[PDB]
>>> print(open('protein.cif').read())   # mmCIF, C-alpha atoms
data_data
loop_
_atom_site.group_PDB
_atom_site.id
_atom_site.type_symbol
_atom_site.label_atom_id
_atom_site.label_comp_id
_atom_site.auth_asym_id
_atom_site.auth_seq_id
_atom_site.Cartn_x
_atom_site.Cartn_y
_atom_site.Cartn_z
ATOM 1 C CA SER A 1 -44.021 86.491 -99.393
ATOM 2 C CA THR A 2 -46.157 83.467 -100.223
ATOM 3 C CA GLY A 3 -46.450 80.761 -102.860
ATOM 4 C CA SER A 4 -49.233 78.460 -104.037
ATOM 5 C CA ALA A 5 -48.872 75.500 -106.387
ATOM 6 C CA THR A 6 -51.198 72.762 -107.538
ATOM 7 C CA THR A 7 -50.079 69.174 -106.980
ATOM 8 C CA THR A 8 -51.439 66.423 -109.251
ATOM 9 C CA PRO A 9 -51.586 62.633 -108.852
ATOM 10 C CA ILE A 10 -49.247 60.770 -111.222
ATOM 11 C CA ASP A 11 -51.764 58.008 -111.899
ATOM 12 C CA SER A 12 -55.279 56.790 -111.161
ATOM 13 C CA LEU A 13 -54.256 55.355 -107.763
ATOM 14 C CA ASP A 14 -52.652 58.491 -106.290
ATOM 15 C CA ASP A 15 -49.341 56.583 -106.085
ATOM 16 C CA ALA A 16 -47.586 59.963 -105.790
ATOM 17 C CA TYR A 17 -48.177 63.631 -106.575
ATOM 18 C CA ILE A 18 -46.195 65.999 -108.779
ATOM 19 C CA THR A 19 -45.854 69.751 -108.473
ATOM 20 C CA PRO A 20 -44.318 72.025 -111.150
ATOM 21 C CA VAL A 21 -41.140 73.773 -110.041
ATOM 22 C CA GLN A 22 -39.239 76.452 -111.933
ATOM 23 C CA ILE A 23 -35.458 76.027 -111.869
ATOM 24 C CA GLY A 24 -32.864 78.325 -113.400
ATOM 25 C CA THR A 25 -32.854 81.301 -115.736
ATOM 26 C CA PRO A 26 -34.664 81.170 -118.081
ATOM 27 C CA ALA A 27 -36.956 78.886 -116.109
ATOM 28 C CA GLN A 28 -36.776 75.156 -116.655
ATOM 29 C CA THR A 29 -39.996 73.636 -115.319
ATOM 30 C CA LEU A 30 -39.682 70.161 -113.797
ATOM 31 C CA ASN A 31 -42.408 68.163 -112.067
ATOM 32 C CA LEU A 32 -41.161 67.219 -108.612
ATOM 33 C CA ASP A 33 -42.434 64.913 -105.905
ATOM 34 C CA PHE A 34 -42.758 67.057 -102.757
ATOM 35 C CA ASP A 35 -41.590 64.819 -99.911
ATOM 36 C CA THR A 36 -42.038 65.811 -96.264
ATOM 37 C CA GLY A 37 -40.077 62.677 -95.341
ATOM 38 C CA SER A 38 -36.732 63.719 -96.894
ATOM 39 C CA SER A 39 -34.594 66.815 -97.251
ATOM 40 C CA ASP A 40 -32.911 66.772 -100.643
ATOM 41 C CA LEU A 41 -34.056 68.628 -103.747
ATOM 42 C CA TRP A 42 -32.692 66.479 -106.575
ATOM 43 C CA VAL A 43 -33.445 66.345 -110.271
ATOM 44 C CA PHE A 44 -32.923 64.329 -113.396
ATOM 45 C CA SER A 45 -30.386 66.311 -115.378
ATOM 46 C CA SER A 46 -28.048 66.537 -118.351
ATOM 47 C CA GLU A 47 -25.569 64.668 -116.124
ATOM 48 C CA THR A 48 -27.796 61.661 -115.455
ATOM 49 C CA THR A 49 -26.448 58.459 -116.998
ATOM 50 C CA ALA A 50 -28.271 58.379 -120.333
ATOM 51 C CA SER A 51 -29.386 54.752 -119.988
ATOM 52 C CA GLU A 52 -31.102 55.679 -116.712
ATOM 53 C CA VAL A 53 -33.314 58.398 -118.241
ATOM 54 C CA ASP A 54 -36.679 57.272 -119.716
ATOM 55 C CA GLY A 55 -39.128 60.086 -120.434
ATOM 56 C CA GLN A 56 -38.249 62.489 -117.638
ATOM 57 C CA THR A 57 -37.727 66.198 -118.192
ATOM 58 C CA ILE A 58 -34.138 67.053 -117.320
ATOM 59 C CA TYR A 59 -32.483 70.072 -115.752
ATOM 60 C CA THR A 60 -29.579 71.376 -117.844
ATOM 61 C CA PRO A 61 -27.453 73.645 -115.654
ATOM 62 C CA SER A 62 -25.301 74.868 -118.582
ATOM 63 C CA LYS A 63 -28.424 76.547 -120.007
ATOM 64 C CA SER A 64 -29.125 78.482 -116.778
ATOM 65 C CA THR A 65 -27.416 81.850 -116.294
ATOM 66 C CA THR A 66 -27.923 81.554 -112.533
ATOM 67 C CA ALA A 67 -26.613 77.986 -112.022
ATOM 68 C CA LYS A 68 -23.476 77.660 -109.901
ATOM 69 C CA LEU A 69 -21.526 74.441 -109.332
ATOM 70 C CA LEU A 70 -20.917 73.776 -105.628
ATOM 71 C CA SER A 71 -17.250 72.815 -105.896
ATOM 72 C CA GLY A 72 -16.436 69.283 -104.791
ATOM 73 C CA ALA A 73 -19.883 68.656 -103.323
ATOM 74 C CA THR A 74 -21.628 65.324 -103.714
ATOM 75 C CA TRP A 75 -24.870 63.765 -102.517
ATOM 76 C CA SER A 76 -26.248 60.250 -102.170
ATOM 77 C CA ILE A 77 -29.611 59.160 -100.813
ATOM 78 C CA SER A 78 -31.421 55.910 -100.091
ATOM 79 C CA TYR A 79 -35.145 55.950 -99.460
ATOM 80 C CA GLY A 80 -37.312 53.713 -97.299
ATOM 81 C CA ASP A 81 -38.626 51.867 -100.357
ATOM 82 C CA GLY A 82 -35.097 50.859 -101.369
ATOM 83 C CA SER A 83 -34.730 53.374 -104.173
ATOM 84 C CA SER A 84 -31.695 55.638 -104.416
ATOM 85 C CA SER A 85 -29.942 58.340 -106.385
ATOM 86 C CA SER A 86 -26.689 60.296 -106.242
ATOM 87 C CA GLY A 87 -24.700 63.007 -107.988
ATOM 88 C CA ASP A 88 -23.161 66.474 -107.691
ATOM 89 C CA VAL A 89 -24.585 69.809 -106.577
ATOM 90 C CA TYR A 90 -25.544 73.162 -108.060
ATOM 91 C CA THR A 91 -27.206 76.171 -106.614
ATOM 92 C CA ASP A 92 -29.796 77.952 -108.720
ATOM 93 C CA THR A 93 -32.943 80.042 -108.493
ATOM 94 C CA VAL A 94 -35.960 77.882 -107.639
ATOM 95 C CA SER A 95 -39.582 79.027 -107.671
ATOM 96 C CA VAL A 96 -42.675 77.213 -106.470
ATOM 97 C CA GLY A 97 -46.072 78.733 -107.130
ATOM 98 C CA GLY A 98 -44.719 82.269 -107.279
ATOM 99 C CA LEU A 99 -42.350 81.940 -104.311
ATOM 100 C CA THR A 100 -38.688 82.332 -105.262
ATOM 101 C CA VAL A 101 -35.559 81.181 -103.428
ATOM 102 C CA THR A 102 -32.226 82.290 -104.802
ATOM 103 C CA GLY A 103 -29.180 80.074 -104.206
ATOM 104 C CA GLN A 104 -31.172 76.914 -103.557
ATOM 105 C CA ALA A 105 -29.154 73.693 -103.624
ATOM 106 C CA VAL A 106 -30.309 71.709 -106.665
ATOM 107 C CA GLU A 107 -28.797 68.258 -106.517
ATOM 108 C CA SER A 108 -28.082 66.941 -110.009
ATOM 109 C CA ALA A 109 -28.417 63.162 -110.390
ATOM 110 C CA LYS A 110 -25.568 61.303 -112.028
ATOM 111 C CA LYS A 111 -27.153 57.961 -111.097
ATOM 112 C CA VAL A 112 -30.705 56.901 -110.221
ATOM 113 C CA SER A 113 -32.142 53.487 -109.340
ATOM 114 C CA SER A 114 -34.510 51.584 -111.611
ATOM 115 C CA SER A 115 -37.710 52.686 -109.849
ATOM 116 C CA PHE A 116 -36.915 56.310 -110.693
ATOM 117 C CA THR A 117 -36.004 55.545 -114.313
ATOM 118 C CA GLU A 118 -39.204 53.556 -114.717
ATOM 119 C CA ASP A 119 -41.394 56.430 -113.522
ATOM 120 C CA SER A 120 -41.517 58.825 -116.451
ATOM 121 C CA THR A 121 -43.782 61.270 -114.589
ATOM 122 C CA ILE A 122 -41.421 62.217 -111.750
ATOM 123 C CA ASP A 123 -38.528 64.517 -112.661
ATOM 124 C CA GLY A 124 -37.079 64.602 -109.147
ATOM 125 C CA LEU A 125 -37.846 65.170 -105.481
ATOM 126 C CA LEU A 126 -38.236 68.293 -103.382
ATOM 127 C CA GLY A 127 -37.587 67.479 -99.738
ATOM 128 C CA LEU A 128 -39.551 69.215 -97.005
ATOM 129 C CA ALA A 129 -38.337 67.430 -93.875
ATOM 130 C CA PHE A 130 -35.746 69.077 -91.623
ATOM 131 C CA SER A 131 -32.454 70.136 -93.152
ATOM 132 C CA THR A 132 -30.557 67.907 -90.692
ATOM 133 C CA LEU A 133 -31.430 64.999 -93.043
ATOM 134 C CA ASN A 134 -29.896 66.611 -96.136
ATOM 135 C CA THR A 135 -27.268 64.335 -97.712
ATOM 136 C CA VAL A 136 -24.920 66.877 -99.346
ATOM 137 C CA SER A 137 -21.272 66.403 -98.422
ATOM 138 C CA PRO A 138 -18.996 67.823 -97.181
ATOM 139 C CA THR A 139 -21.427 70.547 -96.108
ATOM 140 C CA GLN A 140 -25.155 69.880 -95.669
ATOM 141 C CA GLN A 141 -27.557 72.130 -97.587
ATOM 142 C CA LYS A 142 -30.910 73.679 -96.619
ATOM 143 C CA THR A 143 -34.320 72.686 -97.925
ATOM 144 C CA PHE A 144 -36.404 74.991 -100.071
ATOM 145 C CA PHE A 145 -38.671 75.661 -97.073
ATOM 146 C CA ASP A 146 -35.763 76.371 -94.708
ATOM 147 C CA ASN A 147 -34.352 78.882 -97.218
ATOM 148 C CA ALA A 148 -37.732 80.550 -97.844
ATOM 149 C CA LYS A 149 -38.797 80.622 -94.210
ATOM 150 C CA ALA A 150 -37.575 84.039 -93.078
ATOM 151 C CA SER A 151 -39.179 85.688 -96.127
ATOM 152 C CA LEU A 152 -42.577 84.031 -95.706
ATOM 153 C CA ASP A 153 -45.497 85.946 -94.221
ATOM 154 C CA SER A 154 -45.781 83.068 -91.722
ATOM 155 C CA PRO A 155 -43.191 80.269 -91.321
ATOM 156 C CA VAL A 156 -45.494 77.518 -92.562
ATOM 157 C CA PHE A 157 -46.424 75.381 -95.507
ATOM 158 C CA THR A 158 -49.604 73.413 -96.018
ATOM 159 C CA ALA A 159 -50.420 70.175 -97.829
ATOM 160 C CA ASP A 160 -53.933 69.687 -99.213
ATOM 161 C CA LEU A 161 -53.711 66.477 -101.220
ATOM 162 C CA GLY A 162 -56.647 65.329 -103.309
ATOM 163 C CA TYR A 163 -58.293 61.944 -103.551
ATOM 164 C CA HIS A 164 -58.121 61.006 -107.238
ATOM 165 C CA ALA A 165 -57.870 64.754 -107.893
ATOM 166 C CA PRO A 166 -55.403 67.638 -107.767
ATOM 167 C CA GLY A 167 -54.616 69.466 -104.550
ATOM 168 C CA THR A 168 -52.449 72.317 -103.295
ATOM 169 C CA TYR A 169 -49.176 73.122 -101.562
ATOM 170 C CA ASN A 170 -49.173 76.618 -100.059
ATOM 171 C CA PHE A 171 -46.200 78.408 -98.553
ATOM 172 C CA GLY A 172 -46.373 81.209 -96.041
ATOM 173 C CA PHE A 173 -50.112 81.334 -95.306
ATOM 174 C CA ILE A 174 -53.116 79.262 -94.207
ATOM 175 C CA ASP A 175 -56.058 79.256 -96.610
ATOM 176 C CA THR A 176 -58.972 79.371 -94.175
ATOM 177 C CA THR A 177 -61.368 78.439 -96.996
ATOM 178 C CA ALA A 178 -59.663 75.085 -97.627
ATOM 179 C CA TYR A 179 -60.951 73.150 -94.616
ATOM 180 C CA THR A 180 -64.029 72.602 -92.456
ATOM 181 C CA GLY A 181 -64.172 73.281 -88.733
ATOM 182 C CA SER A 182 -60.970 74.127 -86.923
ATOM 183 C CA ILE A 183 -57.333 73.124 -87.241
ATOM 184 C CA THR A 184 -56.029 71.113 -84.287
ATOM 185 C CA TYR A 185 -52.315 71.487 -83.665
ATOM 186 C CA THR A 186 -50.055 68.877 -82.103
ATOM 187 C CA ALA A 187 -46.421 68.708 -80.971
ATOM 188 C CA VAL A 188 -43.567 67.767 -83.280
ATOM 189 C CA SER A 189 -40.271 66.109 -82.451
ATOM 190 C CA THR A 190 -37.435 66.933 -84.820
ATOM 191 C CA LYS A 191 -35.017 64.471 -83.135
ATOM 192 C CA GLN A 192 -35.008 62.127 -86.150
ATOM 193 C CA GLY A 193 -35.264 64.914 -88.753
ATOM 194 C CA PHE A 194 -38.903 64.191 -89.580
ATOM 195 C CA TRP A 195 -42.271 65.816 -88.970
ATOM 196 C CA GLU A 196 -42.765 63.337 -86.133
ATOM 197 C CA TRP A 197 -45.837 63.500 -83.927
ATOM 198 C CA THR A 198 -48.021 61.322 -81.708
ATOM 199 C CA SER A 199 -51.532 60.402 -82.797
ATOM 200 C CA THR A 200 -53.955 59.906 -79.921
ATOM 201 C CA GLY A 201 -55.569 56.731 -81.292
ATOM 202 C CA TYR A 202 -57.777 55.185 -83.938
ATOM 203 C CA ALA A 203 -61.162 53.810 -84.864
ATOM 204 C CA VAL A 204 -62.215 51.266 -87.487
ATOM 205 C CA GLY A 205 -65.405 52.144 -89.339
ATOM 206 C CA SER A 206 -68.197 53.034 -86.923
ATOM 207 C CA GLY A 207 -66.348 51.426 -84.004
ATOM 208 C CA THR A 208 -65.559 53.267 -80.794
ATOM 209 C CA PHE A 209 -62.309 55.218 -80.872
ATOM 210 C CA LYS A 210 -59.410 53.541 -79.027
ATOM 211 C CA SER A 211 -57.252 56.010 -77.132
ATOM 212 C CA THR A 212 -53.633 54.952 -77.590
ATOM 213 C CA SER A 213 -50.431 56.802 -78.492
ATOM 214 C CA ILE A 214 -49.086 56.184 -82.003
ATOM 215 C CA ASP A 215 -45.799 57.936 -82.813
ATOM 216 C CA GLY A 216 -45.301 58.469 -86.532
ATOM 217 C CA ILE A 217 -44.249 60.835 -89.302
ATOM 218 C CA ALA A 218 -46.284 63.006 -91.659
ATOM 219 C CA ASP A 219 -44.823 61.935 -95.003
ATOM 220 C CA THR A 220 -46.225 63.209 -98.296
ATOM 221 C CA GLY A 221 -43.645 61.123 -100.154
ATOM 222 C CA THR A 222 -45.059 57.787 -98.958
ATOM 223 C CA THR A 223 -48.185 56.447 -100.694
ATOM 224 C CA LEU A 224 -49.777 54.370 -97.955
ATOM 225 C CA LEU A 225 -50.597 54.489 -94.236
ATOM 226 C CA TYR A 226 -48.200 52.282 -92.229
ATOM 227 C CA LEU A 227 -49.217 51.604 -88.628
ATOM 228 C CA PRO A 228 -48.491 49.037 -85.897
ATOM 229 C CA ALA A 229 -49.495 45.458 -86.702
ATOM 230 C CA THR A 230 -52.093 45.449 -83.911
ATOM 231 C CA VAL A 231 -53.919 48.440 -85.428
ATOM 232 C CA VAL A 232 -53.687 47.132 -88.968
ATOM 233 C CA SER A 233 -54.949 43.674 -87.995
ATOM 234 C CA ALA A 234 -57.950 45.251 -86.253
ATOM 235 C CA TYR A 235 -58.766 47.160 -89.430
ATOM 236 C CA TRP A 236 -58.553 44.289 -91.893
ATOM 237 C CA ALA A 237 -60.457 41.961 -89.544
ATOM 238 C CA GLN A 238 -63.512 44.067 -90.448
ATOM 239 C CA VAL A 239 -63.161 43.337 -94.169
ATOM 240 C CA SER A 240 -64.664 40.089 -95.406
ATOM 241 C CA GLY A 241 -62.066 37.954 -97.162
ATOM 242 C CA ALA A 242 -59.097 40.160 -96.283
ATOM 243 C CA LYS A 243 -55.798 38.523 -95.439
ATOM 244 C CA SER A 244 -52.106 39.286 -95.223
ATOM 245 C CA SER A 245 -50.173 37.835 -98.152
ATOM 246 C CA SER A 246 -46.400 37.555 -97.834
ATOM 247 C CA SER A 247 -46.150 36.762 -101.549
ATOM 248 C CA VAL A 248 -47.994 39.954 -102.506
ATOM 249 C CA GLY A 249 -46.330 41.965 -99.751
ATOM 250 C CA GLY A 250 -49.208 42.953 -97.490
ATOM 251 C CA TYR A 251 -52.919 42.911 -96.854
ATOM 252 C CA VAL A 252 -55.139 42.146 -99.821
ATOM 253 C CA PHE A 253 -58.927 41.930 -100.043
ATOM 254 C CA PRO A 254 -61.655 41.071 -102.568
ATOM 255 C CA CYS A 255 -62.023 44.045 -104.924
ATOM 256 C CA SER A 256 -65.815 43.855 -104.486
ATOM 257 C CA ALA A 257 -65.550 44.490 -100.726
ATOM 258 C CA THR A 258 -67.006 47.572 -99.046
ATOM 259 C CA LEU A 259 -64.127 48.986 -97.009
ATOM 260 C CA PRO A 260 -64.772 50.618 -93.642
ATOM 261 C CA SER A 261 -63.365 54.044 -92.914
ATOM 262 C CA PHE A 262 -60.354 54.499 -90.651
ATOM 263 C CA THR A 263 -60.099 57.297 -88.108
ATOM 264 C CA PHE A 264 -56.931 58.669 -86.514
ATOM 265 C CA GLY A 265 -56.707 61.024 -83.572
ATOM 266 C CA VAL A 266 -55.042 64.431 -83.470
ATOM 267 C CA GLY A 267 -55.343 65.535 -79.867
ATOM 268 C CA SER A 268 -59.060 65.494 -79.121
ATOM 269 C CA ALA A 269 -59.849 65.894 -82.831
ATOM 270 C CA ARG A 270 -60.408 63.146 -85.365
ATOM 271 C CA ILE A 271 -59.588 62.707 -89.055
ATOM 272 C CA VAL A 272 -61.711 60.187 -90.929
ATOM 273 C CA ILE A 273 -60.214 58.392 -93.929
ATOM 274 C CA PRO A 274 -63.074 57.145 -96.124
ATOM 275 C CA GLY A 275 -63.011 53.446 -97.035
ATOM 276 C CA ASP A 276 -62.510 54.218 -100.735
ATOM 277 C CA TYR A 277 -59.190 55.916 -99.959
ATOM 278 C CA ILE A 278 -57.911 52.573 -98.696
ATOM 279 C CA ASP A 279 -58.486 50.772 -102.014
ATOM 280 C CA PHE A 280 -55.338 50.552 -104.182
ATOM 281 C CA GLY A 281 -56.844 48.436 -106.878
ATOM 282 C CA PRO A 282 -56.037 45.050 -108.365
ATOM 283 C CA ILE A 283 -52.772 43.472 -107.194
ATOM 284 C CA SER A 284 -52.038 42.811 -110.884
ATOM 285 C CA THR A 285 -53.964 43.732 -114.022
ATOM 286 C CA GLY A 286 -57.223 41.809 -114.284
ATOM 287 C CA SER A 287 -57.125 40.366 -110.751
ATOM 288 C CA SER A 288 -60.174 40.329 -108.512
ATOM 289 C CA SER A 289 -57.857 40.674 -105.481
ATOM 290 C CA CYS A 290 -57.025 44.244 -104.435
ATOM 291 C CA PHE A 291 -54.178 45.783 -102.461
ATOM 292 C CA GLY A 292 -54.889 47.573 -99.183
ATOM 293 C CA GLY A 293 -53.921 51.143 -98.405
ATOM 294 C CA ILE A 294 -53.323 50.505 -94.701
ATOM 295 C CA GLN A 295 -50.343 48.215 -94.098
ATOM 296 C CA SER A 296 -48.148 47.170 -91.179
ATOM 297 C CA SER A 297 -45.120 49.286 -90.269
ATOM 298 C CA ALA A 298 -43.440 46.316 -88.564
ATOM 299 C CA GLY A 299 -39.964 46.153 -89.986
ATOM 300 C CA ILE A 300 -39.964 49.736 -91.273
ATOM 301 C CA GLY A 301 -38.944 50.932 -87.828
ATOM 302 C CA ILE A 302 -41.353 53.865 -87.866
ATOM 303 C CA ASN A 303 -45.062 54.488 -88.383
ATOM 304 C CA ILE A 304 -45.825 56.567 -91.472
ATOM 305 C CA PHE A 305 -48.839 58.772 -92.042
ATOM 306 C CA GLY A 306 -48.488 58.771 -95.812
ATOM 307 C CA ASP A 307 -50.748 60.045 -98.562
ATOM 308 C CA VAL A 308 -53.673 57.743 -97.658
ATOM 309 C CA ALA A 309 -53.923 59.553 -94.323
ATOM 310 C CA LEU A 310 -52.771 63.024 -95.316
ATOM 311 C CA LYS A 311 -55.170 63.375 -98.254
ATOM 312 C CA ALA A 312 -58.098 63.053 -95.819
ATOM 313 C CA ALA A 313 -56.930 66.288 -94.165
ATOM 314 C CA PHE A 314 -55.736 69.846 -94.599
ATOM 315 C CA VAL A 315 -52.273 69.667 -93.010
ATOM 316 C CA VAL A 316 -50.192 72.528 -91.621
ATOM 317 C CA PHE A 317 -46.438 72.101 -91.349
ATOM 318 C CA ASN A 318 -45.568 74.856 -88.902
ATOM 319 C CA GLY A 319 -41.862 75.652 -89.015
ATOM 320 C CA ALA A 320 -41.847 78.205 -86.218
ATOM 321 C CA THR A 321 -39.032 78.035 -83.673
ATOM 322 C CA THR A 322 -40.946 75.245 -81.979
ATOM 323 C CA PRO A 323 -42.457 73.324 -84.902
ATOM 324 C CA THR A 324 -45.970 71.838 -84.775
ATOM 325 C CA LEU A 325 -48.377 70.052 -87.126
ATOM 326 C CA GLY A 326 -51.974 71.076 -87.683
ATOM 327 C CA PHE A 327 -54.756 68.896 -89.040
ATOM 328 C CA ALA A 328 -58.264 69.833 -90.163
ATOM 329 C CA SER A 329 -61.034 67.897 -91.872
ATOM 330 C CA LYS A 330 -62.053 69.146 -95.317
#
>>> encode(input="protein.cif", output="structure tokens")
Amino acid sequence: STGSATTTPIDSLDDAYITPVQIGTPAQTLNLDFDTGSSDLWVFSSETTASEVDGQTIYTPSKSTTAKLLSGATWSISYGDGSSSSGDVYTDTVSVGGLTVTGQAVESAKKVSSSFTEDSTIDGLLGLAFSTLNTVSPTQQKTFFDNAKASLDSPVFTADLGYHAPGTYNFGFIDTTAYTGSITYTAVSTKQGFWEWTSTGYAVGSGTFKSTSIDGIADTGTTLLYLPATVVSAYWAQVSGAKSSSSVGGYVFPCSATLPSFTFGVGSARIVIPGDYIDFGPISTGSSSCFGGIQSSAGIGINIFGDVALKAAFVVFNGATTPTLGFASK
């Protein structure tokens, strides 16, 4: 089997992407944030504290003939950005782009933090990291991909995120028309539960590529590119007027600047992020100061190849017995 679904930016900055997901019988369609950096599929629901729901579409398990309550099970998650959510657990039929998993754990939120409430466009998350990170207790549950894997034509999914445009998540096949040149594959460590890999270096604009190992995670659920302070300082030093602002929370630059591209290495191959992808617009409405899309990972504890990086590539998440990641230009 295979599936193919379009993913769409939630706003004009590509802050996140939403993908329609069918849950239950008859189908209830919710727009979920596919997140390769976490492993819980959770939704706003009829159980979510009413005061914490503000515009989201909710899952109502009592209206699904295939919903089953997982007796006694709970879940609770905290994300890198400080947001969180928690609740109880159902299983139900879940379909993405024509691909159906029966008995998928659908984690129903009883509580969500303010950042979730305040984002009316995101109805929940669909985790695509390794199932070892799943937060269901007392017994951990499998991700949608882990459940689908054995049925897929090939044990893979691909992320093809758009810049200020829709893109595609495919399951079970590689669309050879969706990229230019060849896909370069690179080793993955699952030791921390993430799609963790080692980039072979970077370049700033037209500068010569610096060969240096950068361990990080491929994370579709993170907006920006977070890299070591050395790398990030080298980038912003090439932007006139750029500076790090502790009050704003990172590097800012004059909105009128021309941003250089940023290149990261994948083995001997190279992915070039155009300068425009690094512009996240005014720091506040009407400001002439803009927020940068490449920021320091110091204090996160891990480097993160988030949407800024991933949307410059066609990315293969290969879930074969020995997992790998593939990157191609597009």
>>> closest_atom_pairs(input="protein.cif", of="range 178-280 of chain A", to="range 126-144 of chain A", cutoff="12 Å", atoms="all atoms listed in the file", output="tab-separated table")
residue	atom	partner	partner_atom	distance
A:188	CA	A:130	CA	11.5
A:189	CA	A:130	CA	10.6
A:190	CA	A:130	CA	7.3
A:191	CA	A:132	CA	9.4
A:192	CA	A:133	CA	8.3
A:193	CA	A:130	CA	5.1
A:194	CA	A:129	CA	5.4
A:195	CA	A:129	CA	6.5
A:196	CA	A:129	CA	9.8
A:217	CA	A:129	CA	10.0
A:218	CA	A:129	CA	9.4
A:219	CA	A:129	CA	8.6
A:220	CA	A:128	CA	9.1
A:221	CA	A:127	CA	8.8
>>> residues_around(input="protein.cif", residues="residue 313 in chain A", least_positions_apart="3", cutoff="10 Å", atoms="all atoms listed in the file", output="PyMOL selection string")
chain A and resi 159-162+178-180+183+270-273+307-310+316+326-330
>>> write_last_selection(input="protein.cif", atoms="C-alpha atoms", output="compact mmCIF listing (two decimals), keeping the file's coordinate frame")
# COMPACT_ATOMS: atom_id res chain seq x y z
CA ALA A 159 -50.42 70.18 -97.83
CA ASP A 160 -53.93 69.69 -99.21
CA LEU A 161 -53.71 66.48 -101.22
CA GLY A 162 -56.65 65.33 -103.31
CA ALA A 178 -59.66 75.08 -97.63
CA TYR A 179 -60.95 73.15 -94.62
CA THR A 180 -64.03 72.60 -92.46
CA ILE A 183 -57.33 73.12 -87.24
CA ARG A 270 -60.41 63.15 -85.36
CA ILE A 271 -59.59 62.71 -89.06
CA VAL A 272 -61.71 60.19 -90.93
CA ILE A 273 -60.21 58.39 -93.93
CA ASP A 307 -50.75 60.04 -98.56
CA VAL A 308 -53.67 57.74 -97.66
CA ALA A 309 -53.92 59.55 -94.32
CA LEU A 310 -52.77 63.02 -95.32
CA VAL A 316 -50.19 72.53 -91.62
CA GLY A 326 -51.97 71.08 -87.68
CA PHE A 327 -54.76 68.90 -89.04
CA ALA A 328 -58.26 69.83 -90.16
CA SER A 329 -61.03 67.90 -91.87
CA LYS A 330 -62.05 69.15 -95.32
>>> closest_residue(input="protein.cif", among="A:117, A:296, A:85, A:200", to="residue 244 in chain A", atoms="all atoms listed in the file")
A:296
>>> resolve_selection(input="protein.cif", expression="the PyMOL selection byres ((chain A and resi 153) around 7)", output="list in words")
residues 1, 2, 151, 152, 154, 155, 172 and 173 of chain A
>>> write_last_selection(input="protein.cif", atoms="C-alpha atoms", output="short mmCIF file (atom, residue, chain, number, x, y, z; two decimals), keeping the file's coordinate frame")
data_model
loop_
_atom_site.label_atom_id
_atom_site.label_comp_id
_atom_site.auth_asym_id
_atom_site.auth_seq_id
_atom_site.Cartn_x
_atom_site.Cartn_y
_atom_site.Cartn_z
CA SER A 1 -44.02 86.49 -99.39
CA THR A 2 -46.16 83.47 -100.22
CA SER A 151 -39.18 85.69 -96.13
CA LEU A 152 -42.58 84.03 -95.71
CA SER A 154 -45.78 83.07 -91.72
CA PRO A 155 -43.19 80.27 -91.32
CA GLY A 172 -46.37 81.21 -96.04
CA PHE A 173 -50.11 81.33 -95.31
#
>>> atom_distance(input="protein.cif", atom1="CA of residue 101 in chain A", atom2="CA of residue 20 in chain A")
14.8 Å
>>> resolve_selection(input="protein.cif", expression="the PyMOL selection byres ((chain A and resi 317) around 6)", output="mmCIF file with C-alpha atoms, in the coordinates of the input")
data_model
loop_
_atom_site.group_PDB
_atom_site.id
_atom_site.type_symbol
_atom_site.label_atom_id
_atom_site.label_comp_id
_atom_site.auth_asym_id
_atom_site.auth_seq_id
_atom_site.Cartn_x
_atom_site.Cartn_y
_atom_site.Cartn_z
ATOM 1 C CA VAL A 156 -45.494 77.518 -92.562
ATOM 2 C CA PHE A 157 -46.424 75.381 -95.507
ATOM 3 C CA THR A 158 -49.604 73.413 -96.018
ATOM 4 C CA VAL A 316 -50.192 72.528 -91.621
ATOM 5 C CA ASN A 318 -45.568 74.856 -88.902
ATOM 6 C CA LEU A 325 -48.377 70.052 -87.126
#
>>> resolve_selection(input="protein.cif", expression="the PyMOL selection byres ((chain A and resi 11-19) around 10)", output="JSON, numbers by chain")
{"A": [5, 6, 7, 8, 9, 10, 20, 21, 29, 30, 31, 32, 33, 34, 35, 96, 97, 121, 122, 123, 124, 125, 126, 161, 162, 163, 164, 165, 166, 167, 168, 169, 220, 221, 222, 223, 224, 277, 279, 280, 281, 307, 308, 311]}
>>> atom_distance(input="protein.cif", atom1="CA of residue 187 in chain A", atom2="CA of residue 324 in chain A")
4.9 Å
>>> atom_distance(input="protein.cif", atom1="CA of residue 292 in chain A", atom2="CA of residue 268 in chain A")
27.2 Å
>>> residues_around(input="protein.cif", residues="range 56-58 of chain A", least_positions_apart="3", cutoff="6 Å", atoms="all atoms listed in the file", output="ChimeraX atom specification")
/A:44-45,120,123
>>> residues_near_point(input="protein.cif", point="(-37.7, 55.8, -119.0)", cutoff="9 Å", atoms="all atoms listed in the file", output="mmCIF file with C-alpha atoms, keeping the file's coordinate frame")
data_model
loop_
_atom_site.group_PDB
_atom_site.id
_atom_site.type_symbol
_atom_site.label_atom_id
_atom_site.label_comp_id
_atom_site.auth_asym_id
_atom_site.auth_seq_id
_atom_site.Cartn_x
_atom_site.Cartn_y
_atom_site.Cartn_z
ATOM 1 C CA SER A 51 -29.386 54.752 -119.988
ATOM 2 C CA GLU A 52 -31.102 55.679 -116.712
ATOM 3 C CA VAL A 53 -33.314 58.398 -118.241
ATOM 4 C CA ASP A 54 -36.679 57.272 -119.716
ATOM 5 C CA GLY A 55 -39.128 60.086 -120.434
ATOM 6 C CA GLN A 56 -38.249 62.489 -117.638
ATOM 7 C CA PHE A 116 -36.915 56.310 -110.693
ATOM 8 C CA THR A 117 -36.004 55.545 -114.313
ATOM 9 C CA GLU A 118 -39.204 53.556 -114.717
ATOM 10 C CA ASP A 119 -41.394 56.430 -113.522
ATOM 11 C CA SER A 120 -41.517 58.825 -116.451
#
>>> residues_around(input="protein.cif", residues="residue 71 in chain A", least_positions_apart="6", cutoff="10 Å", atoms="only C-alpha atoms", output="ChimeraX atom specification")
/A:88-90
